[PDB]
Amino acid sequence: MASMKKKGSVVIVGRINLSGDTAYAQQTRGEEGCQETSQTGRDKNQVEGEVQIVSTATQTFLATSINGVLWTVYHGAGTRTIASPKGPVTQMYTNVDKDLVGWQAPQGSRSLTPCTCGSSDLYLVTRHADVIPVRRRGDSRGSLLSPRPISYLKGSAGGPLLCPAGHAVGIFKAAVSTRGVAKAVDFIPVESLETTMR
């Protein structure tokens, strides 16, 4: 018992910058700082933007602010706290059945607005700042207009699908692939986030 370890916090290590005319990834913390911050849960870096790049000791993925909550996938974060300026912050939402977790959005972050357009022309934002057109095919699936190897999508769970007007439509959860080629993506619809918030 005396030697049982604690898991680290999720740490924000960068962002996908969507503020201008060009989407691009920025790193804000390197590996040594990430490891230290995961242990203390104390991250004094300034946070900006809607889409964060996040890491644990073993994985890296995305997290997206919508309605004042920073959302990501359970299969990346588990039940972990997130690092913040005053120490670890406990999840305010956890739903393994939806593959969804959320923490209060970091000070400095900006939130996407939930889409009410009812549009099926979507855009997936990856951890490499690719903006991939996706045609909505149901409540929680969309097809890639141009299929890609799953290598391209790995590490982007937790990122957003957006409508033409830049509203949040969903959170990327899983790739639908055959022979290593992603033809479609599954996502957690924003309506499901809004229900979880109640």
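From 1 onward, residues are counted along the sequence shown.
*Asks:* Out of 174 to 182 and 11 to 19, which stretch has the higher average CA B-factor listed in the record?
*Replies:* 174 to 182 has the higher mean C-alpha B-factor.
*Asks:* Between 127 to 135 and 64 to 72, which has the higher average C-alpha B-factor in the PDB entry?
*Replies:* Of 64 to 72 and 127 to 135, the stretch with the higher C-alpha B-factor average is 127 to 135.
*Asks:* What's the residue among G33, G155, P164, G142 with the greatest CA temperature factor in the PDB record?
*Replies:* In the PDB entry, the greatest C-alpha B-factor among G33, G155, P164, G142 is found at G33.
*Asks:* Highest Cα B-factor in the deposition, which of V54, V51, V169, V47?
*Replies:* So the option with the highest C-alpha B-factor is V47.
*Asks:* Place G87 in the lowest, middle or highest third of its chain's C-alpha B-factors, as listed in the PDB entry.
*Replies:* Highest third.
*Asks:* Taking the C-alpha B-factors as the PDB entry records them, is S120 in the lowest, middle or highest third of its chain?
*Replies:* It falls in the middle third of the chain.
*Asks:* Against its chain's modelled residues, does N95's Cα B factor rank lowest, middle or highest third?
*Replies:* Tercile = lowest for this residue's CA B-factor.
*Asks:* With respect to C-alpha B-factor, does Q107 fall in the lowest, middle or highest third of the chain as deposited?
*Replies:* As the PDB entry reports it, the C-alpha B-factor of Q107 lands in the highest third of its chain.
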